[PDB]
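Student: Structure of the sequence below:
(10 chains, ligands or ions: 17)
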Amino acid sequence: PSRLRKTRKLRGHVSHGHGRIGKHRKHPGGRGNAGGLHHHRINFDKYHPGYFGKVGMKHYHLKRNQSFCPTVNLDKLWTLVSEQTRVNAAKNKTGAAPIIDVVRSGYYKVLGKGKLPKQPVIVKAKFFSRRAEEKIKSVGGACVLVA
Amino acid sequence: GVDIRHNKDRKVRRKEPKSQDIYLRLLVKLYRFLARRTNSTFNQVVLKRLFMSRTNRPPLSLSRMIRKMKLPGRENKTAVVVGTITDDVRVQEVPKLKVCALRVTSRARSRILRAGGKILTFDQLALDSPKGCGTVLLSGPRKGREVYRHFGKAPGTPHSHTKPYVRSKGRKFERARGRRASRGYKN
Amino acid sequence: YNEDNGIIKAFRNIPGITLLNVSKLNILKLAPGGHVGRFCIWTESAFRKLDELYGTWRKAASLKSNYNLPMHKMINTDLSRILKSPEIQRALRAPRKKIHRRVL
Amino acid sequence: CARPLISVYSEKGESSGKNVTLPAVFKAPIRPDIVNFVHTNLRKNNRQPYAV
Amino acid sequence: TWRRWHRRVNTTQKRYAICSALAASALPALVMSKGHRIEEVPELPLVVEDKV
Amino acid sequence: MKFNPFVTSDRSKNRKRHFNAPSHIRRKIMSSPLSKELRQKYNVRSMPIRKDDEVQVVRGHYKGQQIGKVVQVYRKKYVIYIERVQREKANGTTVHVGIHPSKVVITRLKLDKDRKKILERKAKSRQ
Amino acid sequence: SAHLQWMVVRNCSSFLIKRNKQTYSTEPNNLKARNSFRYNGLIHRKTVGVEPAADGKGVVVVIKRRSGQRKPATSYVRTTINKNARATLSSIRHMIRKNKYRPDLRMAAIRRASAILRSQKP
Amino acid sequence: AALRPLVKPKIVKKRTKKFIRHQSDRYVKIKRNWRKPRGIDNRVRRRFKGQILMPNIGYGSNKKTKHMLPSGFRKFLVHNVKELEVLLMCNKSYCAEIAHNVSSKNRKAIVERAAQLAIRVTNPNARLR
RNA sequence: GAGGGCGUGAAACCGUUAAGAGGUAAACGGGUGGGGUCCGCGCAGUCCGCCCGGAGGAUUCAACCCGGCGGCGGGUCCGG
RNA sequence: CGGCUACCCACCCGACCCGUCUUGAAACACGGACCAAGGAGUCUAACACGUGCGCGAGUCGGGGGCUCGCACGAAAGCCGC
Ligand SMILES: [Mg+2]
Ligand SMILES: [Mg+2]
Ligand SMILES: [Mg+2]
Ligand SMILES: [Mg+2]
Ligand SMILES: [Mg+2]
Ligand SMILES: [Mg+2]
Ligand SMILES: [Mg+2]
Ligand SMILES: [Mg+2]
Ligand SMILES: [Mg+2]
Ligand SMILES: [Mg+2]
Ligand SMILES: [Mg+2]
Ligand SMILES: [Mg+2]
Ligand SMILES: [Mg+2]
Ligand SMILES: [Mg+2]
Ligand SMILES: [Mg+2]
Ligand SMILES: [Mg+2]
Ligand SMILES: [Mg+2]
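Tutor: Residues are numbered from 1 along each chain as shown, chains lettered A, B, ... in the order given. Ligands and ions are numbered 1, 2, ... in the order given. And now the structure:
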């Protein structure tokens, strides 16, 4: 919207919002990231520290495809399966337990949080944190490794 | 002139709500009338929070809205929120509590109606409590916004814990000079 | 309408009329110029298929996948009725209508 | 929010005995500024670019 | 020619605008204030028979 | 409403084709309606005009009851010239007035075997 | 829904001549030409208006039925009063005061009827 | 002495000059419309005495006497009979003014309807026969 | 007042007519005064709307009831 | 008779010719004979912040597919294994 643009409002002022003394001409400092070490170090440092140098090993032909492991928390561990399932499976029937298979839900590694109630479940996954493993052992469930 | 003091003419305030929502303007009219005709500072604060913006009305969560009622003294009071109350995927048990908010999400309304609670809007809140008796006025996590974690006196000079802007959080992006003592300096 | 069976031929050259379908509702035809409230003429199957196509606040839309009707911001929104209700006027200060103008 | 019944008119203008209940689309909220916003953006969608 | 002509809208806002327009088409004051002659017209939104 | 994607509503293209149409198109351009008794007798709405048609002028400076014969057809000017319709110059020399053939009611046609074939095609296509 | 219809109609209508001056309504059922909320005859469930009679003499009075909305063929009941200006001024006073129907805009209906009876008789 | 509107006080305007633009006299490419000069050496912007005066908020006329014709009305433009009949309620403060593009054939009907409804019109006797 | 680069025909510039002025180059802002064009009005004769008491003529309701359709209002929420 | 006013003239007082570079311009600083038309902060991508709307631990079809061949339809509507 050029009618809401500032340019239509500044018609009449001589220097047009950029001063009579300073005279913004073309490029007074440089272009882009010019002078990262020489004369703009108080802006490259003090606003982006760490920008200059090498940091570690150089993994040639790295893919974001072998390290694929979406993590699931113990808060999210219940709601991968519906609440009707856990209620009608642990409504005082027997010592059975429903299986929450996170691989079908699309998650690989089960990590540990709070809020894991008394009703025990069996979790099938590829990786586990020992926090979540202790939480499942404390609530009385089981831990199954699949692949 | 006359006044040797500086001129700060308009203080800070937003009187008219900038939103063009007709329903919000009707609630603004109703609670402005109640705020100037009831001497109820509850209606004063609810009128100011209706004037308040979209970002500064953060979404309440269902577990927080439970835990602020779980405190002793909030048995039959109604939780009033100027803002949205959303679902929480975490909790499993929901009490029989009463809600008075704007734009409660669908799963939250469904779980409150399954648990047996009563959701309202501000017109029924005004019909049930003009002075706002029996209400607990709640607010949400303003500082929990991701925008507020980039804000501080610096991004790195007394290490500052304040999250500089970068594309990809990982190796080779802003980790060498000023982030470790082996390459130059260390903050 | 729905089930086009010559109604476009009947309504094709009348000046100012609009050919418009239930299953394909156009915002540019239902509110031209951004001004709401255009005079519309429905049919039996159209007026019965509207509830099947959007729903109520009790059930979802059975034709669309994941649509519900939006939650209304005010349930009973007659502002004059609310301000003239006895529950509101029980809890008011007093009608203060003095002016108290400038005294010379 | 209550849903009345509407008479179904014949081709002669006479009110038939058929009465279909008003669907809740006519009871849905009315946001004309949202209508103006979405109408403006679809009008921007509805055009050839222009000369260059 | 590569100006940003076409503007995507959320489908929930599209359906919201459709519901708002259809709800505003039911009130007689809104359509009379848009300017259609609804003096001798019978009951609001008109439902004709399936022979039409 | 125009539904073919191969014909223009374009004003520039229509005026270009109109003012640069060839003569076999300009004959169809310079078509004239018929009198009510002759269209009742022949079952045809309009005909292209020719050299020896009888003409009642319906509109302009001359209007009605002046059933005369045409003499010239400038298809370049889209103008027929009628024998009865005259106008004097400054020097007392008469000259024919430009009359567009769409403002012309034909009272009698010119009989020919070709015009009988055209009339038969008109009647069969009007059906 | 009267306040919703006001918050929609009060701008962007097929009315509201904002022509360098005060705003007018022109509002085919109205008593005062100001586009206000109290003086509005298309939105409210109870609306009063007066108009000149088609026969030249007398004033017609259009009042809303209130028995049924969304049906404008019978939503407005009209009456034709042709009396000697004081009998009809008292008649519209009795019709507005002695009924509950719109105790507001008494003076609006009365002033418009009095102005049109002045403008009608010579 | 036609219609004599309501009680209107002494109408003052606090200056009646419709302030000229600086150096509009010297160059005829400069129209007489005011335009705020934003120079660094200008005597008008520096507000030297004896120069022209810049229009500021202090010249604001009274709200009681704002947009007031000397007859005592406020003008309202009109094209036809419906926009003349909308002035039926406030005809003693808001006078009519027929638009320029209205022909004489409808203009006589508009001024006759204004004479019926006792609405003041600014130009009744223009474009007659 | 469309006459062959001919629709409309502005500014800069020029000719003539009408009006006014002329030693401090012209031009300007504030304040008046004079002149001229033009506008509104009748210029010692210009105000309206209500009520009441008087003066003369003409009409039929209204006051109360019967007859009638149309509307507001609420009780038994009769009866659906 | 009244009349402010883009008409003219006279009189009293004040009044250096605008634009910018500059600490400083009426300057013996520069551009400007006059007039009409054109003439200078746009567009794309990315980011940040604020505001407004929709949905909200989710969100988004911008990539394709489906509808009968429709001027606006190069639009709009729908996908949900
Ligand atoms: Mg400035
Ligand atoms: Mg600079
Ligand atoms: Mg001061
Ligand atoms: Mg072309
Ligand atoms: Mg200076
Ligand atoms: Mg200077
Ligand atoms: Mg010429
Ligand atoms: Mg000419
Ligand atoms: Mg021409
Ligand atoms: Mg000239
Ligand atoms: Mg002279
Ligand atoms: Mg400076
Ligand atoms: Mg220097
Ligand atoms: Mg110089
Ligand atoms: Mg020079
Ligand atoms: Mg220009
Ligand atoms: Mg934002």
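
Student: count of residues packed around residue A:147?
Tutor: Residue A:147 has 5 neighbours, counted by other CB atoms under 10 Å in any protein chain shown. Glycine gets a C-beta too; all of them are placed from N, C-alpha and C.

Student: which residue ranges form the helices in chain B?
Tutor: B:22-37, B:41-51, B:62-67, B:106-115, B:122-128 (DSSP state H).

Student: of these, which approaches residue H:84 most closely?
Tutor: helix B:22-37 (34.0 Å; CB to CB).

Student: quick revisit: now the helices of chain B as JSON lines including mean neighbour count?
Tutor: What follows is the helices of chain B, written out as JSON lines (neighbours: other CB atoms under 10 Å in any protein chain shown):
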{"stretch": "helix B:22-37", "mean neighbour count": "19"}
{"stretch": "helix B:41-51", "mean neighbour count": "19"}
{"stretch": "helix B:62-67", "mean neighbour count": "17"}
{"stretch": "helix B:106-115", "mean neighbour count": "15"}
{"stretch": "helix B:122-128", "mean neighbour count": "20"}
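
Student: Turn those helices into a markdown table, columns for distance to chain E.
Tutor: Shown next, in a markdown table, are the helices of chain B (distance: least, CB to the nearest CB, whole Å):
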| stretch | distance to chain E |
| --- | --- |
| helix B:22-37 | 11 |
| helix B:41-51 | 22 |
| helix B:62-67 | 22 |
| helix B:106-115 | 12 |
| helix B:122-128 | 18 |
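
Student: out of those helices, which comes closest to chain C?
Tutor: Among the helices of chain B, helix B:22-37 comes nearest to chain C, with 3.7 Å by CB to the nearest CB.

Student: Give me the residues contacting the lengthiest helix in chain C.
Tutor: Across chain C, the longest stretch assigned as helix under DSSP H is helix C:44-54. With contacts defined as CB atoms under 8 Å, 6 or more residues apart in numbering or on different chains, helix C:44-54 is touched by C:1-3, C:22-23, C:42, C:61-64, C:67, C:69, D:6, D:8, D:18, D:20-21, D:23-25, D:28, E:19, E:22, E:45, E:47-50.

Student: Generate a ChimeraX selection restricted to the buried subset of those.
Tutor: Restricted to buried positions by 16 or more other CB atoms under 10 Å in any protein chain shown, the ChimeraX selection for the contacts of helix C:44-54 reads:
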select /C:1,2,22,42,61,67,69 /D:6,8,20,23,24,25,28 /E:19,22,45,47,48
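
Student: Of the contacts of helix C:44-54, which belong to strands?
Tutor: C:42, D:6, D:8, D:18, D:20-21, E:47-48 (DSSP state E).

Student: Now the two most distant members of those.
Tutor: D:21 and E:48 (17.0 Å).

Student: Make JSON lines out of the helices of chain B and add distance to residue F:96.
Tutor: Formatted as JSON lines, these follow (distance: least, CB to CB, whole Å):
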{"stretch": "helix B:22-37", "distance to residue F:96": "72"}
{"stretch": "helix B:41-51", "distance to residue F:96": "83"}
{"stretch": "helix B:62-67", "distance to residue F:96": "95"}
{"stretch": "helix B:106-115", "distance to residue F:96": "84"}
{"stretch": "helix B:122-128", "distance to residue F:96": "84"}
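
Student: now for these, which one comes closest to residue G:102?
Tutor: helix B:22-37 (22.3 Å).

Student: and the closest one, C-alpha only, in PDB?
Tutor: What follows is helix B:22-37, C-alpha atoms only, in PDB (Å, rounded to 0.1, in the frame of the first residue of the first chain):
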ATOM      1  CA  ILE B  22     -17.100  -5.900  16.400                       C
ATOM      2  CA  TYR B  23     -17.600  -8.400  19.200                       C
ATOM      3  CA  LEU B  24     -14.500  -7.000  21.000                       C
ATOM      4  CA  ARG B  25     -15.900  -3.500  20.600                       C
ATOM      5  CA  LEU B  26     -19.200  -4.500  22.100                       C
ATOM      6  CA  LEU B  27     -17.400  -6.100  25.100                       C
ATOM      7  CA  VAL B  28     -15.300  -2.900  25.300                       C
ATOM      8  CA  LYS B  29     -18.500  -0.900  25.500                       C
ATOM      9  CA  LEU B  30     -20.100  -3.100  28.100                       C
ATOM     10  CA  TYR B  31     -17.100  -3.400  30.400                       C
ATOM     11  CA  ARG B  32     -16.300   0.300  30.000                       C
ATOM     12  CA  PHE B  33     -19.800   1.000  31.200                       C
ATOM     13  CA  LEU B  34     -19.400  -1.400  34.100                       C
ATOM     14  CA  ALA B  35     -15.900   0.000  34.900                       C
ATOM     15  CA  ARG B  36     -17.100   3.500  35.200                       C
ATOM     16  CA  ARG B  37     -20.500   2.700  36.800                       C
END
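
Student: name the helices or strands packed onto that helix?
Tutor: helix B:41-51, helix B:122-128, helix C:79-83, helix G:2-9 (3 or more CB pairs under 8 Å, 6 or more residues apart in numbering or on different chains; DSSP states H and E).

Student: Which among those helices is found nearest to RNA strand I?
Tutor: helix C:79-83 (12.7 Å; CB to the nearest atom of the strand).

Student: So is the helix or strand just after that closest one next to chain B?
Tutor: Next in sequence after helix C:79-83, counting helices and strands by DSSP states H and E, comes helix C:86-89. Yes. Using CB under 8 Å from any CB of the partner chain, helix C:86-89 comes into contact with chain B via C:87-88.

Student: Now helix C:86-89: buried residues?
Tutor: residue C:88.

Student: helices or strands next to that helix in the packing?
Tutor: Helix C:86-89 packs on helix B:122-128, going by 3+ CB pairs under 8 Å, 6+ apart.

Student: If you count contacts, what does the longest helix anywhere in chain G end up packed against?
Tutor: In chain G, ranked by residue count with DSSP H as the criterion, the top helix is helix G:106-120. Helices and strands touching helix G:106-120, by 3+ CB pairs under 8 Å, 6+ apart, are strand G:48-52, strand G:59-64, helix G:86-97.

Student: So which residues of chain E form helices?
Tutor: E:11-24, E:28-34.

Student: Just say which of those helices is most tucked in.
Tutor: Greatest average neighbour count among the helices of chain E goes to helix E:28-34 (a mean of 24), per mean count of other CB atoms under 10 Å in any protein chain shown.

Student: quick check, that helix touching chain H?
Tutor: No. If you take CB under 8 Å from any CB as the test, helix E:28-34 misses chain H, and the best it gets is 15.8 Å.

Student: Is chain B within reach of that helix?
Tutor: No. Applying CB under 8 Å from any CB, one finds helix E:28-34 separated from chain B by no less than 12.5 Å.

Student: For chain E, give me its nearest residue in chain G.
Tutor: For chain G, CB to the nearest CB, closest residue to chain E: residue G:14, 3.3 Å.

Student: In contact with that residue, which residues?
Tutor: By CB under 8 Å, 6+ apart, the neighbours of residue G:14 are E:33-35.

Student: distance of it from ligand 2?
Tutor: 53 Å (CB to the ion, to the nearest Å).

Student: Kindly report the same for residue B:153.
Tutor: Taken as CB to the ion, the span from residue B:153 to ligand 2 is 26 Å.

Student: Based on its surroundings, how many neighbours for the residue in chain B that chain H sits nearest to?
Tutor: Residue nearest to chain H within chain B (CB to the nearest CB): residue B:9, separated by 14.6 Å. Around residue B:9 there are 4 other residues, counting by other CB under 10 Å.
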